[PDB]
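These notes are about the structure you will find just below.
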Amino acid sequence: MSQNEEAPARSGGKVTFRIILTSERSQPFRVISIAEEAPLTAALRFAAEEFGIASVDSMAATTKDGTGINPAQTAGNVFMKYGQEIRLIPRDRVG
């Protein structure tokens with residue numbers, strides 16, 4: 001029981017995030033576009049491609065300041081805490 005719905009980016013604020021992937025040497029940069037008032041699920045749809053797997057184990061992101069693991073993955077929380085230029089590192093996948 002699931003229904004796909006479009007994100008409400010038509011009405012609201014739009015925020016873009018750039019994540020550097022270390023798991024994708026060919027393209028270490030995926031951009032997700034979600035509304036500020038949009039749910040973390042919109043990011044998750046593209047995040048799945050970024051993690052390359054549907055597992056929280058690949059949620060070992062680091063921010064420029066240091067630890068920057070994405071928790072709620074909400075647009076507002078990520079924007080204020082890491083914004084763009086966040087690095088994503090997988091855990092238990094590197095080796």
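Identifiers for the structure tokens are assigned positionally: chains receive A, B, ... in sequence, residues are indexed from 1 per chain, and ligands are indexed from 1 in the order shown.
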Contacts of residue 91 (chain A) at 7 Å (only C-alpha atoms; same-chain gap of 5+ positions) as a tab-separated table (two decimals) with N, CA and C atoms, in the first residue's frame:
chain	number	residue	atom	x	y	z
A	57	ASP	N	23.15	1.99	6.04
A	57	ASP	CA	24.57	1.75	6.24
A	57	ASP	C	25.38	2.69	5.39
A	58	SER	N	24.79	3.25	4.31
A	58	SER	CA	25.54	4.14	3.46
A	58	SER	C	25.34	5.56	3.91
A	60	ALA	N	26.83	7.64	5.97
A	60	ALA	CA	27.93	8.07	6.78
A	60	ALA	C	28.48	9.27	6.08
Per DSSP on the backbone, filter chain A down to the residues in helix (DSSP H, G or I) and report them as a ChimeraX atom specification. /A:40-51,56-58,75-81
Considering only C-alpha atoms, can you say which of A:38, A:54, A:32, A:69 comes closest to residue 7 (chain A)?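 Of all the options, A:38 lies closest to residue 7 (chain A).
Our summary of the geometry notes that CA of residue 66 (chain A) is positioned 15.7 Å from CA of residue 79 (chain A).
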Could you pull out the residues in chain A that DSSP calls strand (DSSP E or B) from the backbone, as JSON, numbers by chain? {"A": [14, 15, 16, 17, 18, 19, 20, 21, 30, 31, 32, 33, 34, 35, 60, 61, 62, 67, 86, 87, 88, 89]}
My list of candidates is A:36, A:50, A:85, A:65. Which is closest to residue 8 (chain A) when distances are computed with only C-alpha atoms? A:36
Residue nearest residue 67 (chain A) among A:17, A:26, A:93, A:81 (counting only C-alpha atoms):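 Among A:17, A:26, A:93, A:81, it is A:81 that comes nearest to residue 67 (chain A).
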Excluding residue 63 (chain A) and its own-chain neighbours fewer than 5 positions away, which residues fall within 10 Å of it when counting only C-alpha atoms? Please give them as a VMD selection string. chain A and resid 68 to 70 81 to 88
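Distance check against residue 72 (chain A) using only C-alpha atoms: of A:41, A:53, A:92, A:48, the minimum falls on A:41.
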A:75, A:80, A:49, A:42: which is nearest residue 24 (chain A), counting only C-alpha atoms?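 When distances to residue 24 (chain A) are compared using only C-alpha atoms, the smallest one comes from A:49.
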For residue 22 (chain A), list every protein, DNA or RNA residue within 9 Å, evaluated using only C-alpha atoms, and leave out those in the same chain fewer than 4 positions away; present the list as an MDAnalysis selection string. chainID A and resid 27:29 87:90
Between CA of residue 1 (chain A) and CA of residue 59 (chain A), what is the distance, to one decimal in Å?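 We find that CA of residue 1 (chain A) and CA of residue 59 (chain A) lie 26.1 Å from each other.
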By how many Å are CA of residue 2 (chain A) and CA of residue 19 (chain A) apart?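 Computing the Euclidean distance for CA of residue 2 (chain A) and CA of residue 19 (chain A) yields 27.6 Å.
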